[PDB]
Amino acid sequence: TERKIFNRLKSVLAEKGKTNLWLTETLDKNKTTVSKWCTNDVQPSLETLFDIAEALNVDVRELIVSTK
Amino acid sequence: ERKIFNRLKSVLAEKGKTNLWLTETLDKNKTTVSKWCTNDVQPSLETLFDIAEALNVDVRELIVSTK
């Protein structure tokens, strides 16, 4: 696969009015870890995605790009 | 205390495919695929995308919905 884009965290954070700093603090994470999620450089684990979804109050499915 | 994160077993059943089919299609080990199906170990998000492509399903369907 040539796919580079797997998550849409950056978009969901924008929809919800939350910053990378907010997510970083809320989840007790390191700043670079969160940054690389948002740029699709490093993907969160599926368990982490559920934690993100809970923090943001969105269906976890919305954090992933559709392949329909 | 969530234990169930994926719907792989359910989607395989929907699509009429077996674990063995997935192991051969993706070149993975049986026990690895089994552990995904039983929600004992989760695949990476990238591997989830590979599984979705193999199954011709929206990757989102592989994950338990939280709303």
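The rules behind these values
- Residues numbered from 1 in each chain as written, not as in the entry; some residues may be left out.
- Chains lettered and ligands numbered in written order.
- Heavy atoms only, no water.
- Contact = heavy atoms within 4.5 Å.
- Buried area = accessible area lost by both parts, 1.4 Å probe.
- Salt bridge = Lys/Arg side-chain N within 4 Å of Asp/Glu carboxyl O.
- Nonpolar A, V, L, I, M, F, W, Y, C, P; charged D, E, K, R; others polar.
- Core = buried A, V, L, I, M, F, W, Y, C linked by side-chain atoms within 4.5 Å.
- Buried < 20%, exposed > 50% of the residue type's maximum accessible area, 1.4 Å probe, protein only.
- Helix = DSSP H or I, 4+ residues; strand = E, 2+ residues; numbered from the N terminus.
- Polar contact = N/O pair within 3.5 Å; in protein donor to acceptor, adjacent residues only side chain to side chain.
- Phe/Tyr/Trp six-rings, centres within 6.5 Å; stacked < 30°, edge-to-face > 60°.

- For this deposition, the record names X-ray crystallography as the technique by which the model was determined and cites 1.6500 Å as its resolution.

### A word on the interface of chain A and chain B
- On the side of chain B, 21 residues touch chain A, which itself brings 21 residues to the contact.
- Summed over both sides, the interface between chain A and chain B buries roughly 1,900 Å², with carbon and sulfur atoms accounting for 65% of that surface.
- Contact with chain B buries surface across chain A, with A:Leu46, A:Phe50 and A:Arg61 losing the most and accounting together for 36% of the total.
- Our count for the chain A to chain B interface comes out at 0 salt bridges.
- Of the residues in the side of chain A that touches chain B, the class split is 9 nonpolar, 5 polar and 7 charged.

### Topic: the nonpolar core
- Core analysis: the biggest nonpolar cluster contains 40 residues, and A:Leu9, A:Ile52, A:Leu63, B:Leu8, B:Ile51 and B:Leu62 have the highest contact counts within it.
- Looking at this core, the elements that each hand over two or more residues are α1 (9-16), α3 (31-38) and α4 (46-56) of chain A together with α1 (8-14), α2 (19-26), α3 (30-37) and α4 (45-55) of chain B.
- Dropping the residues within four chain positions of it, B:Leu8 is found in contact with B:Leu22, B:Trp36, B:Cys37, B:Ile51, B:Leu55 and B:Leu62.

### Comments concerning the side chain of A:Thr24
Residue and element names in this part refer to chain A.
- With respect to the secondary-structure elements, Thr24 resides in helix α2 (residues 20-26).
- Engagement of the side chain of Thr24 in a polar contact is seen with the backbone oxygen of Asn20, the distance being 2.8 Å.
- Those residues in contact with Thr24, other than ones at most four positions away along the chain, are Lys29, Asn30, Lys31 and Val34.

### Things to note about the packing of aromatic side chains
- Taken as a whole, this structure holds 2 aromatic pairs over all chains when the rule is applied.
- Ring plane angle 85° and centroid distance 5.1 Å describe the contact between A:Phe6 and B:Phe49, whose orientation is recorded as edge-to-face. Remark: B:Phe49 occurs in helix α4 and A:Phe6 occurs in the segment before α1; the pair is interchain, linking two chains. B:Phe49 shares its class with A:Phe6; the two are buried.
- With centroids separated by 4.9 Å and ring planes inclined at 90°, the aromatic side chains of A:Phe50 and B:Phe5 adopt a geometry described as edge-to-face.

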